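Since the structure comes first, as structure tokens, the remarks are kept for the end.
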Amino acid sequence: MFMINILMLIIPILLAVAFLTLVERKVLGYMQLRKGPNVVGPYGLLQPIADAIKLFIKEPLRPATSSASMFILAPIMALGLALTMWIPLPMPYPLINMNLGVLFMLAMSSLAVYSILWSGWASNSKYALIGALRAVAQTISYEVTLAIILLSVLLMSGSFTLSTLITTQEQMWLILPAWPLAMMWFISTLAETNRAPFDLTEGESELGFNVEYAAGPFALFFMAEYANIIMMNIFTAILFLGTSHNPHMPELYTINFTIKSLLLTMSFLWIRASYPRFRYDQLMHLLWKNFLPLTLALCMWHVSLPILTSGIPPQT
Amino acid sequence: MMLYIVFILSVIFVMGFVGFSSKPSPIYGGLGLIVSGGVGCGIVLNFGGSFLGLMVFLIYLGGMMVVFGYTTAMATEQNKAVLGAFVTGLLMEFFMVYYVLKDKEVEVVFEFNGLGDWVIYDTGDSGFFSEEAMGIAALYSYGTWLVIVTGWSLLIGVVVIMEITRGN
Amino acid sequence: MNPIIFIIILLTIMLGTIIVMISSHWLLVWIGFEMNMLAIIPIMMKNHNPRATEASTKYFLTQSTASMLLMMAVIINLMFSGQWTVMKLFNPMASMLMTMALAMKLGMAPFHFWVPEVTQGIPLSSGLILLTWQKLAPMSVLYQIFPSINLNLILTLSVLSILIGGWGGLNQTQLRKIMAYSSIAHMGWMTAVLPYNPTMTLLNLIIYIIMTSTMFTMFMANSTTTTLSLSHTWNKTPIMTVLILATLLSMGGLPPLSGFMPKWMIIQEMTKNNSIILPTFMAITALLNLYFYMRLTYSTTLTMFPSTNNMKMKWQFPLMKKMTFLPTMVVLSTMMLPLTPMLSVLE
Amino acid sequence: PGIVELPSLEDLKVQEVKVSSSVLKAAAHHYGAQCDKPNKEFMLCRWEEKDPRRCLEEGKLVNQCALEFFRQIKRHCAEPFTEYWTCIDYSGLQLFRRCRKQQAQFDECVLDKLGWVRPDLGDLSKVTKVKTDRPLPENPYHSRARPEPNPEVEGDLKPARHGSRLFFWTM
Amino acid sequence: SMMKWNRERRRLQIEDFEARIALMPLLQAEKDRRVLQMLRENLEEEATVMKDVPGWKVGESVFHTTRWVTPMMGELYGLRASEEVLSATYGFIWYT
Amino acid sequence: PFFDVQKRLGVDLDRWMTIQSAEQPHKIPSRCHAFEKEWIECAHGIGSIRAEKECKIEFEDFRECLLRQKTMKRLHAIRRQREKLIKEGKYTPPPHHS
Amino acid sequence: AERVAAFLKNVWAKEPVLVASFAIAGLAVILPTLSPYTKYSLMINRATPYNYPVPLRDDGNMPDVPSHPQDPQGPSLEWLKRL
Amino acid sequence: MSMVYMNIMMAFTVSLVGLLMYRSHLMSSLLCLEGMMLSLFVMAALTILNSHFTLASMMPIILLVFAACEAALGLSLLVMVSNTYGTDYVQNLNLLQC
Ligand SMILES: CCCCCCCCCCCCCCCCCC(=O)OC[C@H](COP(=O)([O-])OCC[N+](C)(C)C)OC(=O)CCCCCCCCCCCCCCCCC
Ligand SMILES: CCCCCCCCCCCCCCCCCC(=O)OC[C@H](COP(=O)(O)OCCN)OC(=O)CCCCCCCCCCCCCCCCC
């Protein structure tokens, strides 16, 4: 039955990513005083399916890559890791109930930089490499704050278990005691996934690294990128917007937890439509000069606050 | 064949080492060292070390090895010896595997056994905690001296590297 | 380099060596070495030229490899004894790697090819640290694990060092290379007496540091790095040539100078153990060191080499170099033989 | 070396307590406040003898008290208890705080029918003392006599006889 | 709010930990009898397998001391089914 | 140590992790705590020259608990003998070993 | 008195983020020393029973060690139920 | 020892031989240097975990932190070598022969 469980997790993820493209195009449209896809199927419900077929029957380029083996390794790694980051998520019961699940997601997330770096090499273009280096430097810089912020929150939880975050928020959301950390966690997730106002890769007039890809290989990078947008917003809701779990009616948890995860995913689309784009030197200064000093200071505060109130959580 | 998972991983561990030890282009050499690192974590996980195994992914693979690949793509300007060394490495691995799987005893400097790694595992545990985790958390209660010297060295690493790279 | 950062880096070189000497755990010994190598590279790159960059690279690769072998010995020793204490190793294979790791760090032959080249590519002040201070940490560990060191290995490394230091020095005109080969030769003496009486290893180390520090200090005063440039000293600072003669004679072991004391005591502690062939061969091979020391005495103090016209402009200015502890070091390098029985303070 | 002595397959046989971990965890608190004396004697035996072959007879006594403990629940409070561990068994973590309502019924039932008082927070974790007639082992580690120390140096520290005596030095 | 709830969670952990303490004496007694039985079960098979070997002692200790030594996995499950051995070695590490 | 600063100042810098029978958090013992204790108490105070001869029995036991070399030889012998008799029809594993 | 106000009111205007960082870090170092509840953190940590409470052989002269868990002698967690 | 130790111990040997035989690139050898610490990391962790040496569970992390700090210092020298001769070839670093 476990094999059925894996497929009941993978296929719905891909379908959710497929229809996120539609929802993104329509929310952006109405914030721009237009409609978005409403011709391909009722209210554009067949638009995602048309786009998929079109890309997979379009001839791919595959230029004279310096390797031709990194060019095929990069999208496998991106999509393979993107699906792997879902297996420990409690919704409310994990597919894999890890003891160190929060640490597992950091570990797998830090490996996604290779697909950005490898695709830079494979393109064989000197300029495409520069774009890959800027993207890589952005991702590693902003996962410094992901690790420290996560550590600060877990000091009020007591473990790296993801399902213990549900117990921790059984009386109150962690957004209340730790809203300053939530702000810098939310922005740090935009920078990680190269989202506006942090999308210099897709931000033409300055550069992207996945420029030589077309057809199916391009869609694989796209699917992995959007599955990470949903996953990080599911992580945020679990971390800062805990949903009460009733063991007799687990579906009640899933409905409430999904609504929160959608509202946070739509917030990503909302923020894209509202602001201009950061300069490369300016998003680096937002991390090394503004977030990091506060994150380090709040880490000191959250190591000491539980001790001086007698509120250290249980180890188990 | 699932009882010898640790030995199978170790065999893949060695083959990766023969990969980048033969020194192909740095791009492929770093690729082979990532495979060995992942296999290396797999071995540590099956011995009960979960925090240590995951620390390999986060700090070694997702850390140092990213800096290695990052520096290679920017300062490396993207033969018979490589193939000769690579083939020589695999043959020695095959013979070492062949003999330890035939008579289950090999003597090369040390006396190695071939029964199986599972035979040395401890047979009793009923704790309400992770023994590995307790030891690592002791870094702050017992390892006061370790924390000071390690922290100072990391601080000096920042100072030293900026001095070296200024160039004037 | 900012002066404050220079002090901080130096204190970290000292802290690394001190951690090795006060540690009862192999992990802290290894940490001590790592902190020491990390801090000394910036003082080798301080002049920012290709030769310094090459010297720092050859040093990093050598010391990095040596530290990896040492950590392999510690782990093998943990597997076969289940402890980390800094004492005799409990596996012969651990002893070999440990003994070879320290030999590489010291610069003993045949792990010696980096000492002439690293010392040549760095300033005089950096060479003084490299040839005197950097030898304290490895010798401290040898002092503690000597009961388990393979006798044929330690005595074989000692003999090669004495020979290679002797022959290597004859074919040198650069001062920095001459001291480097001189340093290799004196290492063999320190490790030759180690199995028999470790006290004489410290005495020879202490005397070597005092004499070597005196030579580098006098070279730094006149900014001399070549044999010829040193031959103009008689026409600039006549007193400094008499001090160079006395120290060079001392380093060669000629009585009644201080440099005869360790060679004297090492020969004593080896004949008590019925070792007659080795001390004789060691003593005779040391005449090679006395030769290229004497060559510098002929071109510096005992003969007056040609001078240049612009030298007359130097006579109008004094010496503004620090020359710290030079009066005290030179006296200790020449006039300590009547105090030989004081070595008991090292026991 | 020697031959490892092992007890016979008939010396180990005993009536097992075949109830799942949920049943044990539901009765754990009352169980520890009723069978403390036979339990602590066995544990004192293990931490002192350091050999499971030396505490087999104490082990059987631990089993018998548990069987007798559960029979009393079987007689007086069966439905309340069967309904208590069914709720404990439902949760993956076997949480007490999810079944406070069913706990009260079982707790009250034993109080009236058997006069059992549930130990308070922090009672079962207290170090206690047990009176046992088993003699204290003398050499539990089976260690041999330690090698005798070196003779110690004692007396007066007088100056060296004629000094260092190093070659020709007279002091 | 966090201080209150965390404090209640520590009182719950002690209650859960004390239940384990109340059960350890029974579990320790069971484990001792299960370990000894498996050692004796292997002793019989060793005697049958090596009744005609040139100079073999059945159940000979490899330690000079006569102190009890905790068996390792090889000594308990030496001649048992692979599935049972697999569960007792990697079962915990592989659970979920 | 070359310099015994820790003993002079009475400060425990790195002696808490030297041996595996020292104080561990939550009193968690090592697998060979008893063997390490016995060897340490045998060789204490008599120098390493004597301990290499007068505490050899304890040391061999300690090294047997660390690498388990002798035990694996014994198990290996039994497995071969059973395998040899298995492929001759001369042996029959009992039901609870299968 | 006026020098500090001029200095504080300038960083608060030009560098509000850094002013917040140092204030927060400064409280993390000071409050634990002055907090009266820091002593209850140690007591809670010492009260958690990870290990088994090995019993002590009775010799006769041990009036402070209870013979049974429910006896009144020994440490009490009453303070914890009220905290 | 055991069967797994053979391959871990043989992986260190391969990396050591790889580090002692340079081909052309300096970056290639630094990888062989970081392969050596990976083998030492795994070998120590296997010993510590198996023996339940609780307080030594922190040692492999310290090994990783210092070995990575050393690796960073190695890459910095490689960069400064490349900014001079235009490549990271070891044959260029041959000025100090004379
Ligand atoms: C009693 C003890 C109490 C201890 C704690 C006390 C805390 C007191 C409050 C401290 C300040 C709170 C920290 C807030 C974070 C400040 C970060 C920062 O650097 O600010 C300056 C930074 C930049 O500041 P700057 O650019 O204006 O200038 C910095 C300083 N100079 C002038 C010198 C350059 O602001 C930003 O982060 C830019 C935002 C980028 C665009 C983000 C889009 C926002 C979309 C809305 C999202 C809403 C959040 C959704 C959260 C949902 C979560 C579920
Ligand atoms: C006892 C245990 C704790 C011990 C901690 C000791 C280590 C502290 C580590 C702190 C982290 C390192 C930061 C140090 C750098 C300080 C900033 C600096 O470098 O100075 C730069 C600044 C430049 O000046 P400029 O830009 O030209 O003009 C405007 C300046 N305001 O020049 C300046 O004018 C800056 C002024 C100096 C900054 C002083 C910072 C003091 C922070 C302490 C605040 C604590 C208050 C806590 C109480 C809060 C109550 C609400």
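Every residue, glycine among them, receives a Cβ derived from its backbone with ideal geometry; neighbour counts consider all protein chains shown. All of the numbers you see were taken from the coordinates with simple rules; none came from a lab.
Just one of (1) part of a helix (DSSP H, G or I); (2) hydrophobic (A, V, I, L, M, F, W, C); (3) more than 9 Å from ligand 1 (Cβ to nearest atom) trips up A:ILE312, so point out which.
(1)
May I ask you to verify whether C:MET311 is more than 14 Å from chain D (Cβ to nearest Cβ), surrounded by fewer than 16 Cβ atoms within 10 Å (Cβ to Cβ) and not in a helix (DSSP H, G or I)? Full working, then the answer.
Working: more than 14 Å from chain D (Cβ to nearest Cβ): yes; surrounded by fewer than 16 Cβ atoms within 10 Å (Cβ to Cβ): yes; not in a helix (DSSP H, G or I): no.
In short, no.
Being under 30 Å from A:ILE175 (Cβ atoms) and part of a helix (DSSP H, G or I) narrows it down to one residue among E:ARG40, E:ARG7, E:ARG34; which is it? Full working, then the answer.
Values: E:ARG40 fails: under 30 Å from A:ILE175 (Cβ atoms); E:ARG34 fails: under 30 Å from A:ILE175 (Cβ atoms).
Among E:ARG40, E:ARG7, E:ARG34, only E:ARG7 is under 30 Å from A:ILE175 (Cβ atoms) and part of a helix (DSSP H, G or I).
For the subset of the stretch A:121-150 comprising residues that are more than 21 Å from the chain's Cα centre (by Cα) and part of a helix (DSSP H, G or I), which member is farthest from the other protein chains (Cβ to nearest Cβ)?
Going residue by residue through the stretch A:121-150, those that are more than 21 Å from the chain's Cα centre (by Cα) are A:121-130.
If we keep only those that are part of a helix (DSSP H, G or I) as well, we get A:121-122, A:126-130.
On the way: A:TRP121: 6, A:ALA122: 10, A:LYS126: 9, A:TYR127: 13, A:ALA128: 11, A:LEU129: 6, A:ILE130: 9 Å.
By that ranking, first place goes to A:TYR127.
Within the stretch G:17-67, track down each residue that is in contact with a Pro (Cβ under 7 Å, 6 or more places away or on another chain) and within 13 Å of ligand 1 (Cβ to nearest atom).
Taking the stretch G:17-67 and keeping what is in contact with a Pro (Cβ under 7 Å, 6 or more places away or on another chain), we get G:17-18, G:21, G:38.
Passing the criteria: G:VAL17, G:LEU18, G:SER21.
Does the stretch A:93-114 include one or more residues that are more than 16 Å from ligand 2 (Cβ to nearest atom), within 11 Å of another protein chain (Cβ to nearest Cβ), outside any helix (DSSP H, G or I) and β-branched (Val, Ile, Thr)? Lay out the reasoning, then the answer.
So in the stretch A:93-114, the residues more than 16 Å from ligand 2 (Cβ to nearest atom) come out as A:93-114.
This time we only want the ones that are within 11 Å of another protein chain (Cβ to nearest Cβ), so: A:93-114.
Checking which are outside any helix (DSSP H, G or I) leaves us with A:93-100, A:110-112.
This time we only want the ones that are β-branched (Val, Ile, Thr), so: A:96.
Yes: one or more hits.
Restricting attention to the stretch D:93-141, which residues are within 22 Å of D:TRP47 (Cβ to Cβ) and among the aliphatic types (A, V, I, L, M)?
D:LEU124, D:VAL127, D:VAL130, D:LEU136, listed by residue number.
Looking at (1) away from chain A (no Cβ under 14 Å); (2) aromatic (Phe, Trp, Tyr); (3) surrounded by fewer than 13 Cβ atoms within 10 Å (Cβ to Cβ), which is the one condition that is false for B:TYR140?
Answer for B:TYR140: the failing condition is (1).
Check whether at least one residue in the stretch G:69-81 is at the interface with another protein chain (Cβ under 7 Å from one of its Cβ atoms), within 16 Å of ligand 2 (Cβ to nearest atom) and either surrounded by 14 or more Cβ atoms within 10 Å (Cβ to Cβ) or of a type in the set (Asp, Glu) (or both), and report yes or no.
To start, the set of residues in the stretch G:69-81 that are at the interface with another protein chain (Cβ under 7 Å from one of its Cβ atoms) comprises G:69-70, G:74-77, G:80-81.
Then keep just the ones that are within 16 Å of ligand 2 (Cβ to nearest atom); that gives none.
No, because not a single residue in the stretch G:69-81 is at the interface with another protein chain (Cβ under 7 Å from one of its Cβ atoms), within 16 Å of ligand 2 (Cβ to nearest atom) and either surrounded by 14 or more Cβ atoms within 10 Å (Cβ to Cβ) or of a type in the set (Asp, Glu) (or both).
Using beta carbons and a limit of 6 Å, which pairs, at least six apart or on different chains, have the first residue in the stretch B:11-28 and under 19 Å from B:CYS41 (Cα atoms) and the second one crowded, with 22+ Cβ neighbours inside 10 Å and among the hydroxyl-bearing types (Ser, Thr, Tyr)?
What qualifies is B:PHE13/B:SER36; B:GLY16/B:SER36; B:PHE17/B:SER36; B:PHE17/H:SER15.
In this structure, is C:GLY168 away from chain F (no Cβ under 14 Å), over 15 Å from the mean Cα position of the chain (by Cα) and assigned to a helix (DSSP H, G or I)?
On the way: away from chain F (no Cβ under 14 Å): yes; over 15 Å from the mean Cα position of the chain (by Cα): yes; assigned to a helix (DSSP H, G or I): yes.
Judged against the criteria, C:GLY168 is a match.
Determine whether the stretch G:46-57 contains at least one residue that is within 16 Å of ligand 2 (Cβ to nearest atom), more than 21 Å from A:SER152 (Cα to Cα), at the interface with chain A (Cβ under 10 Å from one of its Cβ atoms) and not basic (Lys, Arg).
Of all residues in the stretch G:46-57, those within 16 Å of ligand 2 (Cβ to nearest atom) come to none.
Looking through the stretch G:46-57, none of the residues is within 16 Å of ligand 2 (Cβ to nearest atom), more than 21 Å from A:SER152 (Cα to Cα), at the interface with chain A (Cβ under 10 Å from one of its Cβ atoms) and not basic (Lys, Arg).
From the set of residues in the stretch C:314-347 that are within 14 Å of chain D (Cβ to nearest Cβ) and outside any helix (DSSP H, G or I), which is nearest to the chain's Cα centre (by Cα)? Break it down into steps so the answer makes sense when it comes.
First, the residues of the stretch C:314-347 that are within 14 Å of chain D (Cβ to nearest Cβ): C:336-347.
Subset that is outside any helix (DSSP H, G or I): C:336, C:347.
Values: C:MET336: 20, C:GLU347: 22 Å.
By that ranking, first place goes to C:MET336.
Restricting attention to the stretch F:32-68, which residues are facing chain E (nearest Cβ under 9 Å) and surrounded by fewer than 19 Cβ atoms within 10 Å (Cβ to Cβ)?
Correct list: F:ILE57, F:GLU60.
Scanning the stretch E:34-70 for residues that are at the interface with chain D (Cβ under 7 Å from one of its Cβ atoms) and polar (S, T, N, Q), which turns out nearest to D:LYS13 (Cα to Cα)?
The extreme case among them is E:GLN37.
Return the pair list, or none, for Cβ contacts closer than 7 Å from residues in the stretch A:48-59 that are exposed (fewer than 14 other Cβ atoms within 10 Å of the Cβ) to residues that are not in a helix (DSSP H, G or I), at least 6 apart or on different chains.
Between residues of the stretch A:48-59 that are exposed (fewer than 14 other Cβ atoms within 10 Å of the Cβ) and residues that are not in a helix (DSSP H, G or I), the close pairs are A:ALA50/A:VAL40; A:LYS58/A:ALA214.
Name every residue in the stretch H:42-59 that is aliphatic (A, V, I, L, M), at the interface with another protein chain (Cβ under 7 Å from one of its Cβ atoms) and under 12 Å from B:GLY48 (Cβ atoms), in order of residue number.
Quick first cut of the stretch H:42-59, residues aliphatic (A, V, I, L, M) only: H:42-46, H:48-49, H:55-56, H:58-59.
Keeping just the survivors that are at the interface with another protein chain (Cβ under 7 Å from one of its Cβ atoms) gives H:42-46, H:49, H:55-56, H:58-59.
Correct list: H:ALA45, H:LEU46, H:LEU49.
Restricting to the stretch A:163-194, and then to whatever is part of a loop (DSSP other than H, G, I, E, B) and within 13 Å of ligand 1 (Cβ to nearest atom), can you tell me which residue is surrounded by the most Cβ atoms within 10 Å (Cβ to Cβ)? Quick ask: steps written out before the conclusion?
Looking only at the stretch A:163-194, we keep the residues that are part of a loop (DSSP other than H, G, I, E, B), and these are A:163, A:169-178, A:193-194.
After this cut, where a residue has to be within 13 Å of ligand 1 (Cβ to nearest atom) as well, the list is A:169, A:173-178.
Details: A:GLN169: 24, A:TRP173: 18, A:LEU174: 21, A:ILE175: 17, A:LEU176: 12, A:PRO177: 18, A:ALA178: 21.
Restricting to residues being part of a loop (DSSP other than H, G, I, E, B) and within 13 Å of ligand 1 (Cβ to nearest atom), the top hit is A:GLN169.
Could you give me the residue pairs with C-beta distances under 6 Å whose first residue belongs to the stretch C:14-40 and is facing another protein chain (nearest Cβ under 8 Å), whose second residue is among the basic types (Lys, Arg) wherever it lies, and which are 6+ apart or on separate chains?
C:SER24/F:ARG15
When you look at D:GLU48, is it surrounded by fewer than 20 Cβ atoms within 10 Å (Cβ to Cβ) and within 14 Å of the chain's Cα centre (by Cα), yes or no? Walk me through it before giving the result.
Numbers: surrounded by fewer than 20 Cβ atoms within 10 Å (Cβ to Cβ): yes; within 14 Å of the chain's Cα centre (by Cα): yes.
So D:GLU48 fits the description; yes.
When the residues of the stretch E:11-33 are filtered to those that are of a type in the set (A, V, I, L, M) and more than 7 Å from chain D (Cβ to nearest Cβ), which remaining residue is surrounded by the fewest Cβ atoms within 10 Å (Cβ to Cβ)? Steps first, answer last, please.
Going residue by residue through the stretch E:11-33, those that are of a type in the set (A, V, I, L, M) are E:12, E:14, E:19, E:21-24, E:26-27, E:29.
Checking the rest, the ones that are also more than 7 Å from chain D (Cβ to nearest Cβ) come to E:24, E:27.
Details: E:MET24: 18, E:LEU27: 14.
Once the filter is applied, the top-ranked residue is E:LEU27.
Within the stretch B:48-72, which residues are among the hydrophobic types (A, V, I, L, M, F, W, C) and over 14 Å from the mean Cα position of the chain (by Cα)? Break it down into steps so the answer makes sense when it comes.
Within the stretch B:48-72, the first condition is being among the hydrophobic types (A, V, I, L, M, F, W, C), and the residues that meet it are B:51-52, B:54-59, B:61, B:64-68.
Result: B:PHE51, B:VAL66, B:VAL67, B:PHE68.
Residues checked against (1) in contact with a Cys (Cβ under 9 Å, 6 or more places away or on another chain); (2) of a type in the set (S, T, N, Q); (3) over 30 Å from F:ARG31 (Cβ atoms):
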{"site": "C:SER23", "(1), (2), (3)": "no, yes, no"}
{"site": "C:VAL29", "(1), (2), (3)": "no, no, no"}
{"site": "C:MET87", "(1), (2), (3)": "no, no, no"}
{"site": "C:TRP133", "(1), (2), (3)": "no, no, yes"}
{"site": "C:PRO138", "(1), (2), (3)": "no, no, yes"}
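Scan the stretch G:1-31 residue by residue and report those that are more than 10 Å from ligand 2 (Cβ to nearest atom) and either crowded, with 17+ Cβ neighbours inside 10 Å or assigned to a loop (DSSP other than H, G, I, E, B) (or both).
The answer is G:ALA1, and nothing else.
For the stretch H:47-98, enumerate the residues that are assigned to a helix (DSSP H, G or I) and among the small types (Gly, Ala, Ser).
Looking only at the stretch H:47-98, we keep the residues that are assigned to a helix (DSSP H, G or I), and these are H:47-51, H:54-85, H:90-92, H:95-97.
Of everything in the stretch H:47-98, those that are assigned to a helix (DSSP H, G or I) and among the small types (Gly, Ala, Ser) turn out to be H:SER51, H:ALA56, H:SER57, H:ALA67, H:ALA68, H:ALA71, H:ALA72, H:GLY74, H:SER76, H:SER82.
Restricting attention to the stretch H:60-79, report how many residues are within 7 Å of chain B (Cβ to nearest Cβ) and farther than 14 Å from B:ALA75 by Cα.
Selection size over the stretch H:60-79: 11.
Looking only at the stretch F:1-25, which residues are in a loop (DSSP other than H, G, I, E, B) and among the hydrophobic types (A, V, I, L, M, F, W, C)?
So in the stretch F:1-25, the residues in a loop (DSSP other than H, G, I, E, B) come out as F:1-4, F:10-18, F:20-24.
The answer is F:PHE2, F:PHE3, F:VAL11, F:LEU13, F:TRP16, F:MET17, F:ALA22.
Considering only the stretch D:28-47, state which residues are more than 9 Å from chain E (Cβ to nearest Cβ) and either of a type in the set (A, V, I, L, M, F, W, C) or under 27 Å from E:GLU41 (Cα atoms) (or both).
Those that are more than 9 Å from chain E (Cβ to nearest Cβ) and either of a type in the set (A, V, I, L, M, F, W, C) or under 27 Å from E:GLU41 (Cα atoms) (or both): D:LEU44, D:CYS45, D:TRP47.
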